[PDB]
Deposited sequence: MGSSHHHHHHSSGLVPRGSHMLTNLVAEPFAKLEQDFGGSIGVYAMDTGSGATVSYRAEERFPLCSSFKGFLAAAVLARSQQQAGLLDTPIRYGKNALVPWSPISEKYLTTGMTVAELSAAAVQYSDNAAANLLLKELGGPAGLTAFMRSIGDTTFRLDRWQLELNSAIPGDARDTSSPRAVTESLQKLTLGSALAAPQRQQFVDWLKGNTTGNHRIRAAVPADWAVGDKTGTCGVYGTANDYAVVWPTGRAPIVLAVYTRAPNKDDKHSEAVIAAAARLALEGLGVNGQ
């Protein structure tokens, strides 16, 4: 608590301007300082579960030789809307690793469904999160304030730190997870818009419908100092700009010059 919100930032006003709810957690892994605004509230995961899904696939690959290179063929019935990579390989198949990269880097929806099958579904992914110490994450599916398919900004950040910088994955798989996040293409207007171009950054986004429920989590490597891990989640007013604005406030609250 002593290193949390050492520097106040105007998150409440940003949230009022947005009209919905915003949740933010950011940690400076060098000092332990944090910034936290609604950080323990539940927000919809939307597609952000797919980063953790890819990590779970990598963890499984430590025990299951050949998993990543396994070819997966699927039918047209698997191609739900917003499957921009998998729809181009319907007639050929894709490997598990390719599906993972597509889920992470293009938020390919069909690819994520196919990988969830590999893990035994939402409960399997939830079990992986429990296995790394995350008691908040819940994926339920394949209501106002619906708790299904939610986590908190804090738990998302803590789990992201364990997987990308800590020991939850073996080193080769950790670096592959980082590389997948670094190559994401869907986040240029979110956390990345608050981060200087000469800093490395990996992220995964989520967008639930068009009304402003959206999110992003990222690892950021400022040059010359320890990495920062952060998560920004929103619930729509009854947003891409708001996420970037909240990330800027989080970095400012950590004293990180951008």
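No C-alpha positions are given for the deposited-sequence stretches 1-19, 162-168, 265-269, 290.
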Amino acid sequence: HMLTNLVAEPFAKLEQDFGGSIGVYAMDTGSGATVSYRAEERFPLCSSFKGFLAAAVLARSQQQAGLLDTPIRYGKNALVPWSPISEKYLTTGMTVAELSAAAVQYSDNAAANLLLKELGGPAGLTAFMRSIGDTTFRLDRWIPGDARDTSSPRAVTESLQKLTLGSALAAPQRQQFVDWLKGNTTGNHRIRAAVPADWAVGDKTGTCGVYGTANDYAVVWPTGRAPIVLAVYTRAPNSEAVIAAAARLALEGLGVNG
From here on, numbers count along this sequence of modelled residues.
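Each form is matched to the other, and the largest set of C-alpha atoms that superpose within 1.5 Å is called the rigid core.
Superposing each structure in 7 other deposited structures of this protein on the rigid core shows that the farther-lying of 209-217 and 37-45, by root-mean-square Cα distance, is 209-217. Taking the root mean square of CA deviations in 7 other deposited structures of this protein after fitting on the rigid core, 143-151 and 157-165 differ, and the farther of the two is 143-151. Mean CA temperature factor is higher for 60-68 when stretches 187-195 and 60-68 are set side by side in the entry. Taking the mean C-alpha B-factor of each stretch as recorded, 123-131 and 73-81 are not equal, and the higher mean is that of 73-81.
You'll see in the entry that, of 205, 29, 36, 213, the Cα B factor peaks at 29. When the modelled residues of the chain are ordered by C-alpha B-factor, residue 167 sits in the highest third. Sort the chain's modelled residues by C-alpha temperature factor and residue 51 lands in the lowest third, per the entry. Ranked by C-alpha B-factor against the other modelled residues of its chain, residue 18 falls in the highest third. In this PDB entry, residue 24 carries a Cα temperature factor that places it within the lowest third of its chain's modelled residues. Ranked within its chain, residue 146 lands in the highest third, by CA B factor from the PDB record.
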